[PDB]
Every structure is written in C-alpha cells, then in structure tokens.
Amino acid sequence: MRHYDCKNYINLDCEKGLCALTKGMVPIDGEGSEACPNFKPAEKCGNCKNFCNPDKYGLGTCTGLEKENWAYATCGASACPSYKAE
C-alpha cells in the first residue's frame, strides 16, 4: 500500500497529502509513496464487504442496499453508513 491507502493520511491535493503521524508531506505516486509499518487501512469502497465486481478502472458494484448500484474503489468510505470492513 501507499500513504494514500492509509487511515493516517491527511488529504491535501491531487499530488500529495500529510502523514498524520510524522506531519510531513507525502506523495501519492512514485518514489516515497509506499506504506510504512505503522500503516492502518483507510476505509474505502475498494475495501468494503459490500463492494464487488470492479472493472479495470476500479468501478464496480455496491450491494450495501437491496437495490445494487455502482461505486468506485478509491471512494472514501469512512462516512458511508453501510460500510463494512471486508
């Protein structure tokens, strides 16, 4: 994983964010982006029990509700009322 997939990551912009623990700026892509041992998975549809079937772009199926809908893996799930860690 990357900082970007961590719960401790603080979003800033489309290229970088902060590590909550170090308070230092960390990249999303590239050199320096990989997860550190203190990693704790950030809640996302990609890691929800209700999330399934994604296509090459991460677009798949939410079954959170009886009526299925589409959802995207990098969608933040920390404020989804139906989110369930897989």
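Residue positions are given as counts along the sequence shown, with the first one as 1.
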Review point. Do the C-alpha atoms of 30-38 or of 48-56 have the higher average B factor in the entry?
Key: 30-38
Check your understanding: Between 7-15 and 61-69, which has the higher average C-alpha B-factor in the PDB entry?
Key -> 61-69
Review point. When the modelled residues of the chain are sorted by Cα temperature factor, does residue 25 land in the lowest, middle or highest third?
Key: middle
Exercise for review: Give the position of residue 79 by CA B-factor within its chain, expressed as the lowest, middle or highest third.
Suggested key: middle
